[PDB]
Amino acid sequence: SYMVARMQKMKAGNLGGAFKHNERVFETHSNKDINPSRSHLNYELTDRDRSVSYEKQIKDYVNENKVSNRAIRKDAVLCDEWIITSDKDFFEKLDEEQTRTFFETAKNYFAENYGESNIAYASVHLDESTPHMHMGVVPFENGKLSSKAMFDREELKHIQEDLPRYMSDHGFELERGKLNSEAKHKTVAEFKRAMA
DNA sequence: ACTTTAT
DNA sequence: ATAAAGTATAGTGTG
Ligand SMILES: [Cl-]
Ligand SMILES: [Cl-]
Ligand SMILES: [Cl-]
Ligand SMILES: [Mn+2]
């Protein structure tokens, strides 16, 4: 089984949908693969207030801590949302407790390397095809918000090697992705079209 | 390395 | 006029 770890940049205009979907606020889902009978099985790993939006939480955190007087730019990357997962076979092997420990462990990796107070949310979904986590990492450091500074080319190449290794050291049997892999990312909807 | 942003 | 942070990046799977 491969360790699946990948980030998507979230601007203020993305976080509204990310909040509503991650929290499962609508009863109907366009995703035919969400099982609403299973949604009460999901859980959140941070101690965040569920009544507070991601955009509000993150903006408040950055404004209250940033060293500059200048406003957060309208196009700022407020957080990097990491999907943490593996394949179906990997999770088939694990009980509820081990599965939670798996996501808590991925989360510790990012807390330890990028700052505990930067893990804005850690939403574990068990109501879709495969257990996975949406974890929002605020790229905030030395009083500055900059995804550019935190997750550059060398950093993403480091995580692909070091994250699977850290999971392995903590008891999880999965390997890193292919080094220099030539895969092109497809969206969930695109990937589904690919399969049949 | 080239633009966009908010001073 | 300036400079920080915007643009991708690295990885696999039905997020
Ligand atoms: Cl909160
Ligand atoms: Cl200032
Ligand atoms: Cl999609
Ligand atoms: Mn999900």
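Numbered from 1 within each chain, the chains take letters A, B, ... in sequence-line order.
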Ion pair A:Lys56/A:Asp60, N-O distance below 4.0 Å: yes
Identify whether any heavy atom of [X] sits under 4.0 Å from a base atom; if not, whether one sits that close to sugar-phosphate; answer base, sugar-phosphate or nothing.
X: A:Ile159; result: nothing
X: A:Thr130; result: sugar-phosphate
X: A:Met133; result: nothing
X: A:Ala5; result: base
X: A:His185; result: base
X: A:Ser129; result: sugar-phosphate
X: A:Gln160; result: base
X: A:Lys32; result: nothing

Atom-pair distance ([atom1] on [X]; [atom2] on [N]), nearest Å:
X: A:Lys186; N: C:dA10; atom1: NZ; atom2: P; answer: 18 Å
X: A:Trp82; N: C:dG11; atom1: CH2; atom2: P; answer: 10 Å
X: A:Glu190; N: C:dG13; atom1: CD; atom2: P; answer: 17 Å
X: A:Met7; N: C:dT7; atom1: CE; atom2: P; answer: 9 Å
X: A:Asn35; N: C:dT14; atom1: CG; atom2: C1'; answer: 15 Å
X: A:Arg6; N: C:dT9; atom1: CZ; atom2: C1'; answer: 10 Å

Measure all distances between protein nitrogen or oxygen atoms and nitrogen or oxygen atoms of nucleotides 1-5 of chain C, and list the pairs falling under 3.5 Å.
{"unit_1": "C:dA5", "atom_1": "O4'", "unit_2": "A:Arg73", "atom_2": "NH1", "d": "3.3"}
{"unit_1": "C:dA5", "atom_1": "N7", "unit_2": "A:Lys148", "atom_2": "NZ", "d": "3.2"}
{"unit_1": "C:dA5", "atom_1": "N3", "unit_2": "A:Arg73", "atom_2": "NH1", "d": "2.8"}

Aromatic ring of A:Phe191 stacked on base six-ring of C:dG13, 5.5 Å, 30°: yes
Stepwise salt bridge (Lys or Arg N to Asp or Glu O under 4.0 Å) check, A:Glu92 with A:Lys88: CA-CA 6 Å; A:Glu92 294 312 299; A:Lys88 194 60 190 166; 3.7 Å; yes
Whether [X] side chain and [Y] backbone form a donor-acceptor pair below 3.5 Å:
X: A:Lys66; Y: A:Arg70; result: yes
X: A:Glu44; Y: A:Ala122; result: yes
X: A:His158; Y: A:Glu154; result: no

Nucleotide range of DNA chain B lying under 4.0 Å from chain A heavy atoms: B:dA1 to B:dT7
Mutual orientation of the aromatic rings belonging to A:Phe110 and A:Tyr114 [parallel < 30°, tilted 30-60°, perpendicular > 60°]: tilted
Within 45° cone and under 6.0 Å: A:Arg176 NZ/CZ vs A:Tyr2 ring: no
